[PDB]
């Protein structure tokens, strides 16, 4: 046996339960934005402890396991996926991924072990990078007009959310600047899988 302390075990979630959260399939960027807004609007946790995390790569083909779109027989290959990360004071980070079949929220190390998995034997073009944006900056800066979800014929790929598009004074659309894993573009910091797990893993 092996045993560590001190530790974090009565963690109260920063969000409502999964089934009470704002959610539209295939609008993870917005689902995460709405989690960030909830946290900002409540007095449980400081917003400074929370991050939006975009997962993608140059080829926009990233596997994630433990996904509701294909349970039991992962991975799902996404163009990008977005989750919320909360760094709690208890010694410990948590992932809030409304699309996971893991718990909501899930301990960071579990999510990385079971949903992300190692890149070591993954074909290099499918390896994962992580853009980590402070929640306050994500709320300040993110904008999407949803135009990436409307095909050539003007049909929606998946139904858009019913509330108005997220826009800022500076932009009506900058989604690509968050999907990008070019560290010279956009906001926040871009990490390799190893760097990401080094920063947040226990």
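Residue numbers count along the first chain shown, from 1.
Between the stretches 127-135 and 81-89, it is 81-89 that shows the larger average CA temperature factor. Here the stretch with the larger average CA B-factor, out of 57-65 and 153-161, is 153-161. In this entry, the residue among 170, 29, 145, 37 with the greatest C-alpha B factor is 170. Ranked by Cα temperature factor within the chain, residue 24 sits in the lowest third according to the deposited record. Ranked against the other modelled residues of its chain, the C-alpha B-factor of residue 76 as given in the entry falls in the highest third.
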